[PDB]
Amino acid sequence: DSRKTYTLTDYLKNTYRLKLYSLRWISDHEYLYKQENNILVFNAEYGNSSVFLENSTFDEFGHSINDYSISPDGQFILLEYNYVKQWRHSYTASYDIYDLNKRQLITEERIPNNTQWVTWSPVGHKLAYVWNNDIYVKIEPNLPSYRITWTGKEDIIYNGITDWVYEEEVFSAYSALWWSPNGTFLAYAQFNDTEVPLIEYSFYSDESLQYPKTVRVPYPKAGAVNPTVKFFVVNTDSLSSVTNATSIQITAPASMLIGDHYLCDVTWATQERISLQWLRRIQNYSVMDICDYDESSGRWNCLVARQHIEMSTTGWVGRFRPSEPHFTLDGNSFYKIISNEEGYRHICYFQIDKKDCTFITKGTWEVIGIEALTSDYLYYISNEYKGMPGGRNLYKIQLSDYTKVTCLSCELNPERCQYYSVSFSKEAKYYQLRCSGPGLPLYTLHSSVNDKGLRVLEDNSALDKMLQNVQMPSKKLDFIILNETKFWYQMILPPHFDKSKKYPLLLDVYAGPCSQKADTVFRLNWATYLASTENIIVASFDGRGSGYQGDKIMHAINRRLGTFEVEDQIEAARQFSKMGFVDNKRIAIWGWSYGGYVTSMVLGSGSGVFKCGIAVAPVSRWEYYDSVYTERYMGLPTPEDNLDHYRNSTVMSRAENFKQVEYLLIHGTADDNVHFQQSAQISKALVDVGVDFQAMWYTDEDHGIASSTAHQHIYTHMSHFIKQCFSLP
């Protein structure tokens, strides 16, 4: 075989590039798609298109446009520019609105620079935005804004946007604004961080900055004072009739008000009914209130007969938070993913004023998400097919007959396609299927009326042809049985893999709660190079604490992070050794974030199994990580609750055992998420017991170490380290 291999430069320079097909539904039968910087509009039924916005239109706009957003009535387009990233989801930007009918930029009453969030109403062309921590509404794009809040205050009061911890750990979004279905009402949350402590770190900036800047962020570490939250609804239709429209507060239930709590979900049911879910700071008790607008009082009332409790005796509520409800059109019932009596997550059907629900799916597999609901069908993704917890398919269940469940994707291309996601048009008339592996991604379009495939949108035939000239690695997905339970693993195997040889092995770890590192997804990544060019097996194992296999497995680490999930990676490496194609003297481990924590715990365990390892941006002590994530699994770090385990589960306490291994510790100095502090404390502990190790800081990089140069630098540095460890030239 004289074909080239997949090299590090190939990875770092994106030589072999996956094509996507990212579309945006603007209706029940049209979508937008960018082609040669032109935005085209496509007809789903026939596949013909036209130019929606010529790629030259904003030549002489004077700025580079980052993104765009069409009003639901298609009368306007919002153009985003001057984009400046903040955390994982947050950023600020400038906005212009372009009038499509008269084909002209609107120059009057512009959205201000440094706007934090903007969203159209779901119907028409109203806008809500947040600027300097207060909410503003525009009824018409060219006309003046109406201010909604006056309490906004940098780092203290957040209206309509989340603070750091709610952005990262509860909403996975910066926005905390929710328009009603037809745009009459605007709901929002207000966060108060007044007594929340600040994480402080230096940012060095360009070489020209003489004094470093101190970045200061309200961030509650485990056990600290959390932000408090209030919820409001305003009637935007009243805005042009009164000077100052009233924001009506909906208070949390008494069972939440007795102590610390969170708002964790907001979902509109009808034009005059909203559901809110609340969670206790001890995250095993959740309450949903269903609240109706009282026209005679202008108030929002939440009948106790409509309140729904969710709790767990074995762990926390939800995979990472309570699931979202999907209401029927009349808003009198809803479907929601709930853990059943056997501990498997399945779809339950609720009437709003009845406490007991009815499970409509069951079995020893789980529903991943509900994707669409019509009058006749519910569409969901699950890992049922072939009992592979790491596969994903789309299913359809008849609402009048639950025995009628159809798999829409399972058999389309079963060899190539075992991991799907879906994108439905506005009334679920069409759907795009996206297949992520195990073969090359395939994107296809389907009609819901007959479930027939309309056409292939992207098939990655260009890449298929390129990769034919490369010695690519293969991937095995399989399981081992421990204590009568199947635990799944994957291996990236070198080309021409030969079972009678002994290969070096790298264990690639994450292993946080509900994680999944063994799956059917196709990836071109660092492991690809390591296997293809360096003949290293790269393996991953999903042990106790891992997700999508029921609560018996997921809740095994409840109140006990740093125990079974760590031990199970060690045992996985033992089991791989027993398979006979692994060089016992050359087994390494690596991970990022939680995977950095686990790597570090494994390297400090004294097991003798691992020669070396690499931790990137590790957690080292749970008291240094945020409250919402940490306490979900660990409870509170007090003598009365779980302080003893918090104190027993640190990396630093294992420092002496690092004498036995080669370690490389890496961290970005501007990491707002897992603070540089965490690695600073690992290194001090290692120095204090006289252990030699290797280190690398990345100036001004955050948790993703994702700038183009730093990305290339880190993988280059790590490659040298691994190769040296394994005596590879």
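Start at 1 with the first residue shown and count on from there. Each form is matched to the other, and the largest set of C-alpha atoms that superpose within 1.5 Å is called the rigid core.
- When the other structures are laid on the shown form by the rigid core, the stretch among 239 to 247 and 356 to 364 with the greater C-alpha deviation in 6 other deposited structures of this protein turns out to be 239 to 247.
- Greater average departure of CA atoms from the shown form, over structures and residues in 6 other deposited structures of this protein after a core fit, characterises 293 to 301 among 293 to 301 and 223 to 231.
- When the mean C-alpha temperature factors of 53 to 61 and 670 to 678 are read from the deposited coordinates, 53 to 61 comes out higher.
- Among all modelled residues in its chain, residue 705 ranks in the middle third by Cα B-factor.
- The PDB entry assigns residue 168 a C-alpha temperature factor belonging to the middle third of its chain's modelled residues.
- In this PDB entry, residue 661 carries a Cα temperature factor that places it within the middle third of its chain's modelled residues.
- Per the PDB record, residue ranking by Cα B-factor puts residue 491 in the middle third of the chain.
- In the PDB entry, residue 448 places in the lowest third of its chain by CA B-factor.
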